[PDB]
Every structure is written in structure tokens, then in C-alpha cells.
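Next up: just one chain, as C-alpha cells, the form deposited in one PDB entry.
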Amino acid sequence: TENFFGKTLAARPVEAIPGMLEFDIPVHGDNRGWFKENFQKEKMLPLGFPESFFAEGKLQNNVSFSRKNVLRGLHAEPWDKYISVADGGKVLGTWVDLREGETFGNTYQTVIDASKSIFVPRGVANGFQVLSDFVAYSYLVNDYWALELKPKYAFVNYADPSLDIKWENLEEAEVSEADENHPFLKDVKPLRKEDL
């Protein structure tokens, strides 16, 4: 459903990217603000949130704070991600499947705010562009990043025009030096089962 407040917790797969799940999150508001169970393990497993997420006992919660037009992305590190927005902001979420197979290069985009979350399987590149004045982007992962290991990780350039995606403002996107220099899709080695 579309309403911000009072949704039933529910999940829907994304047809073009196997394993991806889009969730409606219940948010309850009053005069003071609002409250959500952003992630609730017991309730999300029966909806298809994969038990394999928890198999290694690894957990990290990352948070970024970004202004309008900031674009972060296409990142496909060897871990799963559960993505959401923790404040009143919104982003255009964007995904490109980098797994070896019939879905290599498939894409999806959707607007994320505090009432929506996304499960992104390892091997699918994650990104977003900030639509609101600012946003708090909070996500859970199940393996641990190291600066030194970044050469081992998979990335694709947000600006590669052969990708079937449309950013809100490509030309004035506010980006890192790293995201400027990631390889185009044709130079990305598709991720095999054994690389994940």
C-alpha cells in the first residue's frame, strides 16, 4: 500500500532481481512524531526475509546522513543489505544485478522513505539519490567491510549510460571520488556463485 502511516507489515519480491524483497513497514504517528519497528526478526522471517542472513552470526548497522542530490552508489560488496530510511527524508533507490546469469544487468528503482525497506542480496549493486533536503539512511549487513579489501569488492559506475536506470539529477549529483571512478558494466566481471 501507499499510505505512510498504519501499513500492515508485508513483503513483495522484485520480479527482475531474484531474492530482492520490498517491505511495507508500519509507522505509527502522533503529535510527538512517529515510531516504527524498522526490523523485527520474528515477524520478518515468515514473510521471506532469508534465514541465511543470520547464518554466520555477523551483524553491523551503518548509517549515513546526506543532503539533496547526493548520489551514492552502485556497490555490490559480498554481503547482504537490509536498507531503510530512519528520518523524514526520501531517496530514489536504485539496483543493478551483477550476478552471473540470465539476470546480469537487470535493474529496479523505487522511492524509499521510512515506511518502506528493501532486502538486497549479495551480488546486487546498491545505490540511492537523495530527493528530500536531507536523509538518514540506515541499513543492516551480515559481513564486515575493510578498507584494504575494497579491491576485492564489486562496483559499477552510477553514470554508465548503458544501465537501464534514470537518476533524478545525474549532472548535478553530489558524489565521492570513488563513485566517480568505478568501472562501467562492460568491465565488471559477473559475480559467480563461488564469489558470494
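Shifts are known only where both forms have a C-alpha. Between two forms, the rigid core is defined as the largest C-alpha subset superposing within 1.5 Å. From 1 onward, residues are counted along the sequence shown.
K.L.:
Quick one: say whether 166-174 or 62-70 has the higher mean Cα B-factor in the deposited entry.
P.N.:
Result of the comparison: 166-174.
K.L.:
Per the entry, where is the mean C-alpha temperature factor higher: 132-140 or 146-154?
P.N.:
Averaging CA B-factors over each stretch, the winner is 146-154.
K.L.:
Could you place residue 83 in the lowest, middle or highest third of its chain by Cα temperature factor, using the values in the record?
P.N.:
Its C-alpha B-factor belongs to the highest third of this chain's values.
K.L.:
In terms of the CA temperature factor given in the entry, to which third of its chain does residue 160 belong: lowest, middle or highest?
P.N.:
It falls in the bottom third of the chain.
K.L.:
C-alpha B factor of residue 3, ranked within the chain: lowest, middle or highest third?
P.N.:
Tercile = lowest for this residue's CA B-factor.
K.L.:
Ranked by Cα temperature factor within the chain, is residue 31 in the lowest third, the middle third or the highest third?
P.N.:
Highest third, going by the recorded CA B-factors of the chain.
K.L.:
Give the position of residue 127 by CA B-factor within its chain, expressed as the lowest, middle or highest third.
P.N.:
Its C-alpha B-factor, which the entry lists for residue 127, ranks in the lowest third among residues of this chain.
In what follows, reference is made to the form deposited in another entry, a form of this protein that is not presented.
K.L.:
Which residue, 54, 134, 34, 145, is displaced 2 Å or more at the Cα between this form and the one not shown after superposing the core?
P.N.:
C-alpha shift of at least 2 Å: 145.
K.L.:
Given that the CA-CA distance for residue 100 and residue 149 shifts by 3 Å or more in that other deposited form, does it become closer or farther?
P.N.:
Closer in that other deposited form, by 3 Å or more.
K.L.:
Quick one: with a 3 Å or larger change, is the residue 31 to residue 87 CA distance smaller or larger in that other deposited form? Answer closer or farther.
P.N.:
Closer: residue 31 and residue 87 approach by 3 Å or more in that other deposited form.
K.L.:
Mind listing the moving segments between this form and the one not shown, meaning three or more residues in a row, each Cα shifted 2 angstroms or more, core aligned?
P.N.:
In sequence order, the runs that relocate between this form and the one not shown are 30-32, 145-152.
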